[PDB]
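Trainee:
2 protein chains.
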Amino acid sequence: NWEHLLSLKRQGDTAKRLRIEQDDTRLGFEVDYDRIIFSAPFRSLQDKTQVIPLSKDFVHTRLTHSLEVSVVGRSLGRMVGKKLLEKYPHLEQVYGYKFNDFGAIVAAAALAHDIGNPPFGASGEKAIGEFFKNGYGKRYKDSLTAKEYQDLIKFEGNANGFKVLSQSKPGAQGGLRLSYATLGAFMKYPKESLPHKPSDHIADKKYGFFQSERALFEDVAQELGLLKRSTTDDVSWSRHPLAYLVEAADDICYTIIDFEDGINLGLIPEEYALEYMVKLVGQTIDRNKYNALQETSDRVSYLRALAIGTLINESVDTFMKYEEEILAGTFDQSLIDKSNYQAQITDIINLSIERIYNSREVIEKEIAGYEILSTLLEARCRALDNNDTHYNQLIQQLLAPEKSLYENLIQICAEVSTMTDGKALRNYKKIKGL
Amino acid sequence: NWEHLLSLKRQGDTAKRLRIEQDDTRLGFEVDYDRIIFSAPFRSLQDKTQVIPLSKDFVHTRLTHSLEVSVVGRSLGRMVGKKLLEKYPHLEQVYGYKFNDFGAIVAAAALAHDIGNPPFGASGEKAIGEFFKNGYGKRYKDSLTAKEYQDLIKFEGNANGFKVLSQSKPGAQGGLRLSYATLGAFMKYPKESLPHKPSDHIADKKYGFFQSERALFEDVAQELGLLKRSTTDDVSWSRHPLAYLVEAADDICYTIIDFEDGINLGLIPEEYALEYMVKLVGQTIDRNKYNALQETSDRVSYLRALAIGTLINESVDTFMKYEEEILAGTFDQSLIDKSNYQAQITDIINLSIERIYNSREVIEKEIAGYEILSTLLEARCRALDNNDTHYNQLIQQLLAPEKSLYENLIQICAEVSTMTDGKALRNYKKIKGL
Ligand SMILES: Nc1nc2c(ncn2[C@H]2C[C@H](O)[C@@H](COP(=O)(O)OP(=O)(O)OP(=O)(O)O)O2)c(=O)[nH]1
Ligand SMILES: Nc1nc2c(ncn2[C@H]2C[C@H](O)[C@@H](COP(=O)(O)OP(=O)(O)OP(=O)(O)O)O2)c(=O)[nH]1
Ligand SMILES: Nc1ncnc2c1ncn2[C@H]1C[C@H](O)[C@@H](COP(=O)(O)OP(=O)(O)OP(=O)(O)O)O1
Ligand SMILES: Nc1ncnc2c1ncn2[C@H]1C[C@H](O)[C@@H](COP(=O)(O)OP(=O)(O)OP(=O)(O)O)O1
Ligand SMILES: [Mg+2]
Ligand SMILES: [Mg+2]
Ligand SMILES: [Mg+2]
Ligand SMILES: [Mg+2]
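Line order of the protein sequences matches chains A and B. Using the deposited numbering, the letters of the first sequence correspond one by one to residues 3 to 58, 60 to 404, 409 to 441. Using the deposited numbering, the letters of the second sequence correspond one by one to residues 3 to 58, 60 to 404, 409 to 441.
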């Protein structure tokens with residue numbers, strides 16, 4: 003039920019924090035927002051790849068993408084919360100909740116939803132995985148549990164993001180110490196790395212936490228009241244209802260903005276821009292304003308602003324139509340896939356894949372990223388092995404100012424993923440002496 | 003009075019927008035926030051100098068600084084608005100205002116408060132001015148009005164920010180079309196470029212708009228009901244009350260974060276970090292937590308988080324103590340200057356000036372920036388003069404995809424200030440063929 007889903011608990015708490023005992027100027031979710039804003043992991047997003055590597060231009064990075072997702076998520080959360088308190092009046096009438104709380108939760112979750120991504124993006128994650136699969140790290144296969152090896156060979160940015168958010172350090176336990184509602188709404192694949200893709204459900208495409216933090220998530224999963232889907236030997240719970248909204252906001256934003264940026268770069272003609280969006284923007288377009296503009300940028304910006312407004316309302320309608328199934332855990336798709344504009348979205352995505360992801364420029368950067376990440380990971384792993392050599396001591400002093412082998416390897420992968428693109432490239436040249 | 007200060011009017015409006023007729027999910031100030039978030043001028047802040055040029060590291064840029072100022076400003080606005088509606092109940096009881104509106108106004112104003120700054124920062128502005136003062140642009144002195152020449156030789160980032168926010172383009176008038184309350188709260192020097200520093204008041208140190216937009220500000224200044232301070236031949240109004248809060252937030256944030264970054268870089272020892280902040284953090288510090296931490300970063304982050312919380316409350320107290328004078332226009336200082344911690348702030352600022360601004364690293368970058376900006380401005384100005392040469396046509400096609412001389416020169420200065428540091432450097436090398 004909804005009372006346990008909006009928990010204000012933080013790690014290490016003993017008492018019970020109640021909504022009616024909060025300070026209304028600064029609620030806990032706003033504190034979460036402010037704690038994410040002021041941290042270094044959030045700042046490192048400014049020079050991390052969204053689509054085009056090493057482009058910190061007029062193209063998007065992870066930071067600006069996260070900000071746009073935050074705005075869209077705040078809007079979605081406010082509408083859905085107003086409709087929910089309309090449906091269940093006891094929430095507001097007894098517990099003391101307002102529709103701004105839902106917006107704060109979704110905004111905070113959407114702000115930190117990519118905070119664990121490594122440099123170079125998808126190619127970076129695949130390179131980290133291939134290093135342990137077919138490279139040097141393969142030699143560790145026999146020393147590790149099967150699920151730990153699966154963690155290392157299918158490295159996921161979501162698990163690393165959870166690790167960053169809930170990291171324990173000497174003298175400061177809990178990390179950022181976010182609320183449990185925010186951690187639940189941030190969590191989109193509540194399962195371990197094995198088994199690999201059991202079903203066709205949407206919460207099974209990947210995994211969301213490592214083996215070193217499973218216990219932590221267990222605590223979270225038992226406070227919110229999430230339904231359990233497996234207890235044999237591998238735990239898996241159902242989604243928090245607001246993770247659907249977070250995912251919808253992320254999908255809308257990147258789907259539209261990638262097209263707009265590709266048009267502005269010179270890779271997609273504007274005829275496609277009008278053709279694939281006339282249906283989306285037809286219900287609110289004022290042709291006069293469209294015909295007055297004299298630049299491609301103004302036209303594409305107008306079209307994007309209209310399309311986002313249409314899609315947000317459609318998503319809210321879908322969520323309120325399937326609320327019961329979502330709360331019961333039986334809803335196996337995304338809110339976007341149940342929309343009237345699926346064909347247009349698929350056409351835009353296919354055009355983006357053909358014209359942007361496979362561009363020469365984009366390709367060369369990913370190959371360079373593969374080389375850089377492999378070099379840095381091999382250096383760290385060889386330093387971890389010997390430990391007695393002078394060279395090993397130098398590498399330790401440069402790249403790292409009692410734990411198990413799995414903990415050491417996962418820490419190595421986490422430290423590689425903190426770097427930006429430029430810092431990784433600079434370290435690569437310094438290692439090579441170039 | 004306060005009823006006219008919180009105006010929801012936009013440029014080109016004919017009717018009257020009322021607060022009670024708004025959609026509560028998305029008020030106008032949130033629309034302003036979202037319009038700033040999604041624009042290209044805001045995105046260009048990601049690679050612009052805050053203190054250390056060409057450092058897009061773990062140091063701050065203009066974008067992250069603006070986000071932190073937005074958080075602090077939202078908090079300040081919420082507290083001040085709650086106290087105001089406590090003082091004047093008729094606002095809420097009749098007009099229908101809530102204390103979140105003040106926070107939205109201050110957050111939107113603080114988000115765009117540096118949007119007109121050029122690359123390389125203060126050195127960049129001084130280079131643009133010196134170009135017209137002692138360089139090529141001096142030849143235009145005889146063709147321009149005195150106030151226009153003063154505009155060109157004392158180039159200000161605030162005037163350029165107003166120009167960016169309220170720019171008119173073919174087919175889209177008004178630019179971002181922000182609310183008038185937001186434009187007033189963004190405006191901190193409501194005067195022209197002449198006379199130069201008439202008095203010791205705080206609204207006279209600089210100027211806030213160009214001659215090409217004076218008329219525009221007049222409209223704004225007459226809708227809010229701002230008091231007039233000069234009508235002889237040069238217009239000058241008093242400050243919007245919330246500009247004080249915007250300035251306080253900006254001062255707090257940069258004053259603390261510059262010290263923290265200098266400590267993390269290796270230019271200031273940590274002994275000073277404890278010595279100059281023990282008084283600030285003494286009222287809420289838990290020594291146990293401070294002694295548990297084992298890294299400099301954790302300690303300085305803790306101290307910064309405590310200091311910001313102390314300063315915010317002190318600023319709110321000062322504002323509510325001098326509200327009457329501020330509303331009457333007789334308050335001639337800043338809220339920070341009337342605080343109990345002025346000595347500590349001055350010590351930290353002096354240490355920052357001695358240790359960070361005059362570092363070798365910082366110095367070399369500013370000299371390079373002077374060279375780059377002078378080259379680009381001279382190229383644009385020589386292209387504007389001749390117009391018939393083949394080279395001039397090439398420069399026009401590269402650097403610029409019926410107006411007066413002053414309009415052309417101010418547009419040149421505005422187009423130079425859109426570039427980031429990296430883009431300016433790349434264009435400089437391409438001009439030199441290197
Ligand atoms: N360059 C490049 N970019 C890609 C490729 N595949 C995806 N992208 C970029 C384009 C999208 O804007 C961006 C979205 O990345 P996400 O990790 O957020 O993807 P997704 O929504 O599938 O999220 P997920 O990790 O599955 O939850 O990734 C690729 O093969 N090459
Ligand atoms: N590198 C360098 N940075 C400087 C210098 N002077 C100021 N800064 C940097 C440090 C501060 O964090 C930052 C603040 O710039 P602002 O333009 O916001 O200054 P201010 O608050 O005086 O604002 P204003 O334009 O007068 O309203 O400028 C300087 O001489 N060199
Ligand atoms: N409903 C929404 N909620 C949140 N963000 C939105 C919404 N609609 C659009 N956005 C995003 C993308 C837009 O570029 C930006 C500004 O929105 P907005 O100013 O309402 O768009 P617009 O130009 O279509 O305006 P209007 O509807 O007044 O004509 O915010
Ligand atoms: N009152 C405030 N309003 C807005 N932002 C604030 C405030 N105080 C601090 N900040 C900024 C700077 C902090 O690094 C960041 C997070 O604040 P916060 O979590 O309250 O600080 P803290 O670590 O001192 O916590 P606490 O008071 O719970 O011990 O937000
Ligand atoms: Mg994302
Ligand atoms: Mg709209
Ligand atoms: Mg600033
Ligand atoms: Mg605090």
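A virtual CB, placed ideally from N, CA and C, is assigned to each residue, including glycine.
Return the residue from the list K430(B), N361(B), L397(B) and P404(B) that minimises the CA-CA distance to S126(B).
Mentor: Sequence index remark: in the second sequence, residue 126(B) carries index 123 (1-based). The shortest C-alpha separation from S126(B) is found at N361(B).
Trainee: Can we say the region 173-184 of chain B touches the region 121-137 of chain B, given the rule of at least three CB pairs closer than 8 Å?
Mentor: Contact fails: fewer than three Cβ-Cβ distances are below 8 Å.
Trainee: Taking buried to mean at least 16 other C-beta atoms within 10 Å of its own C-beta, is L412(B) buried or exposed?
Mentor: To locate residue 412(B), count along the second sequence from 1; it is residue 405. Answer is exposed; the Cβ neighbour count stays below 16.
Trainee: Check the C-beta distance from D254(B) over to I339(B) and give it rounded, since I have them as a contact under 8 Å.
Mentor: By 1-based counting over the second sequence, the position of residue 254(B) is 251. By 1-based counting over the second sequence, the position of residue 339(B) is 336. Right, their Cβ atoms sit about 5 Å apart.
Trainee: Report the option in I271(B), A308(B), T299(B) and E298(B) whose CA atom is closest to the CA atom of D289(B).
Mentor: On the second sequence, position 286 is the one that residue 289(B) refers to. With distances taken between Cα atoms, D289(B) lies closest to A308(B).
Trainee: Measure the Cβ-Cβ separation of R12(A) and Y98(A) and say whether it is below 8 Å.
Mentor: Numbered from 1 along the first sequence, position 10 holds the residue referred to as residue 12(A). Numbered from 1 along the first sequence, position 95 holds the residue referred to as residue 98(A). No.
Trainee: Entirely within the region 166-198 of chain A and at least 4 residues each: give me those alpha helix (DSSP H) ranges in chain order.
Mentor: DSSP runs (the alpha helix (DSSP H)) wholly in the region 166-198 of chain A: 183-189.
Trainee: Roughly how many whole angstroms lie between the Cα atoms of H6(A) and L227(A)?
Mentor: Looking up residue 6(A) in the first sequence gives position 4. Looking up residue 227(A) in the first sequence gives position 224. Near 5 Å, if we compare the C-alpha coordinates of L227(A) and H6(A).
Trainee: Tell me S233(B)'s beta-bridge partners as DSSP assigns them.
Mentor: Translated into the one-based positions of the second sequence, residue 233(B) becomes position 230. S239(B).
Trainee: Does the region 152-162 of chain A touch the region 269-282 of chain B, meaning 3 or more C-beta pairs lie closer than 8 Å?
Mentor: No: fewer than three Cβ pairs fall under 8 Å.
Trainee: With 8 Å as the limit, tell me which residues of the region 7-27 of chain B have their beta carbon closer than that to any beta carbon of chain A; keep them in chain order.
Mentor: Listed in sequence order: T27.
Trainee: So, with DSSP's three-state summary, where would you put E298(B)?
Mentor: Working through the second sequence from its first residue, we reach residue 298(B) at position 295. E298(B) falls in the coil class under three-state DSSP.
Trainee: Could you tell me the boundaries of the alpha helix (DSSP H) in which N137(B) lies?
Mentor: For the purposes of this step, residue 137(B) is identified with residue 134 of the second sequence, where counting begins at 1. Counting along the chain, the alpha helix (DSSP H) containing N137(B) begins and ends at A125 to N137.
Trainee: Could you check the C-alpha separation between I370(A) and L376(A) for me, to the nearest Å?
Mentor: Walking along the first sequence from the start, residue 370(A) turns up at place 367. Walking along the first sequence from the start, residue 376(A) turns up at place 373. For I370(A) and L376(A), the distance between alpha carbons rounds to 10 Å.
Trainee: Given a cut-off of 8 Å on the beta-carbon distance, is the pair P193(B) and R242(B) in contact?
Mentor: Taking the first residue of the second sequence as 1, we reach residue 193(B) at position 190. Taking the first residue of the second sequence as 1, we reach residue 242(B) at position 239. Going by C-beta atoms, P193(B) is nearer than 8 Å to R242(B).
Trainee: Where does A17(B) fall in DSSP's three states?
Mentor: Numbered from its first residue, the second sequence carries residue 17(B) at position 15. Note: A17(B) maps to coil in three-state DSSP.
Trainee: Just to confirm, does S69(B) get its C-beta within under 7 Å of one of the non-hydrogen atoms of ligand 4?
Mentor: On the second sequence, position 66 is the one that residue 69(B) refers to. No; taking the cut-off as 7 Å, the Cβ of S69(B) has no heavy atom of ligand 4 nearer than that.
Trainee: Taking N390(A) as part of the alpha helix (DSSP H), name the residues at either end of that continuous run.
Mentor: Stepping through the first sequence from its first residue, residue 390(A) is reached at position 387. Taken as a continuous stretch (DSSP letters only), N390(A) belongs to no alpha helix (DSSP H), as it is neither H nor E.
Trainee: Flag this pair as yes or no: are the beta carbons of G119(A) and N163(A) separated by less than 8 Å?
Mentor: Here residue 119(A) refers to the residue found at position 116 when the first sequence is read from its first residue. Here residue 163(A) refers to the residue found at position 160 when the first sequence is read from its first residue. Taking 8 Å as the Cβ cut-off, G119(A) and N163(A) qualify as a contacting pair.
Trainee: Anything in the region 65-95 of chain B with a Cβ closer than 8 Å to a Cβ of chain A? List those residues in chain order, please.
Mentor: Cβ contacts with chain A: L66, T67, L70, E71, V74, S78, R81, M82 and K85.
Trainee: Chain A beta carbons: is any one of them nearer than 8 Å to that of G119(B)?
Mentor: Counting from one through the second sequence, the residue named residue 119(B) turns up at place 116. False, the Cβ-Cβ gap to chain A never drops below 8 Å.
Trainee: Which two residues bound the contiguous alpha helix (DSSP H) that contains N353(B)?
Mentor: Working through the second sequence from its first residue, we reach residue 353(B) at position 350. Its alpha helix (DSSP H) spans residues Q345 to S355.
Trainee: Taking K150(A) as part of the alpha helix (DSSP H), name the residues at either end of that continuous run.
Mentor: One-based indexing of the first sequence puts residue 150(A) at position 147. Residues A149 to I156.
Trainee: With respect to 7 Å, is the separation between the Cβ of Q345(B) and the closest non-hydrogen atom of ligand 2 below this value?
Mentor: The residue labelled residue 345(B) in the question sits at position 342 within the second sequence. Because no heavy atom of ligand 2 lies under 7 Å away, the Cβ of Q345(B) does not count as near it: no.
Trainee: Find the residues of chain A that neighbour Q48(B), judging by a C-beta separation of less than 8 Å, and give them in chain order.
Mentor: What you label residue 48(B) is simply residue 46 of the second sequence in a count that begins at 1. Those within 8 Å of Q48(B) in chain A are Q48, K58, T64, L66 and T67.
Trainee: Quick one: what does DSSP say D253(A) is sitting in, helix, strand or coil?
Mentor: For the purposes of this step, residue 253(A) is taken as residue 250 along the first sequence, with counting starting at 1. Three-state result, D253(A): helix.
Trainee: If we ignore side chains and look at the alpha-carbon of each, how far apart do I205(B) and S300(A) end up?
Mentor: Translated into the one-based positions of the second sequence, residue 205(B) becomes position 202. Translated into the one-based positions of the first sequence, residue 300(A) becomes position 297. Taking the straight line from one Cα to the other gives about 40 Å.
Trainee: Going by alpha carbons, who is nearest to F31(B) out of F102(B), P121(B) and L306(B)?
Mentor: What you label residue 31(B) is simply residue 29 of the second sequence in a count that begins at 1. Minimum Cα distance to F31(B) is reached at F102(B).
Trainee: Within a Cβ cutoff of 7 Å, which residues of the same chain sit near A149(B), ignoring the five residues on either side of it in sequence?
Mentor: Mapped onto the second sequence, residue 149(B) falls at position 146. Cβ neighbours of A149(B) beyond the five flanking positions: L197.
Trainee: Which residues in chain A sit within 9 Å of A295(B), going by Cβ to Cβ distance?
Mentor: On the second sequence, residue 295(B) is found 292 positions in, with the first residue counted as 1. The contacting residues are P173, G174 and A175.
Trainee: CB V74(B) to CB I38(A), shorter than 8 Å?
Mentor: Along the second sequence, read from residue 1 onward, the residue named residue 74(B) stands at position 71. Along the first sequence, read from residue 1 onward, the residue named residue 38(A) stands at position 36. No.
Trainee: Would you mind telling me which residues of chain A sit closer than 7 Å to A42(B), beta carbon to beta carbon, in chain order?
Mentor: As a position in the second sequence, residue 42(B) is number 40, starting the count at 1. Within 7 Å Cβ-Cβ: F61.
Trainee: Which residues of chain A have a Cβ atom closer than 9 Å to the Cβ of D264(B), listed in chain order?
Mentor: What you label residue 264(B) is simply residue 261 of the second sequence in a count that begins at 1. Within chain A, no residue comes near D264(B); the closest Cβ sits about 11 Å away, beyond 9 Å.
Trainee: Between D36(B) and chain A, is any beta-carbon pair separated by less than 8 Å?
Mentor: Here residue 36(B) refers to the residue found at position 34 of the second sequence. Chain A contact via Cβ: present.
Trainee: Looking at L8(B) and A184(B), is the spacing between their C-beta atoms short of 8 Å?
Mentor: To locate residue 184(B), count along the second sequence from 1; it is residue 181. To locate residue 8(B), count along the second sequence from 1; it is residue 6. Yes. Within cutoff.
Trainee: Is any heavy atom of ligand 4 found at a distance shorter than 7 Å from the C-beta of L309(B)?
Mentor: Translated into positions along the second sequence, residue 309(B) becomes position 306. Yes; taking the cut-off as 7 Å, the Cβ of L309(B) has a heavy atom of ligand 4 nearer than that.
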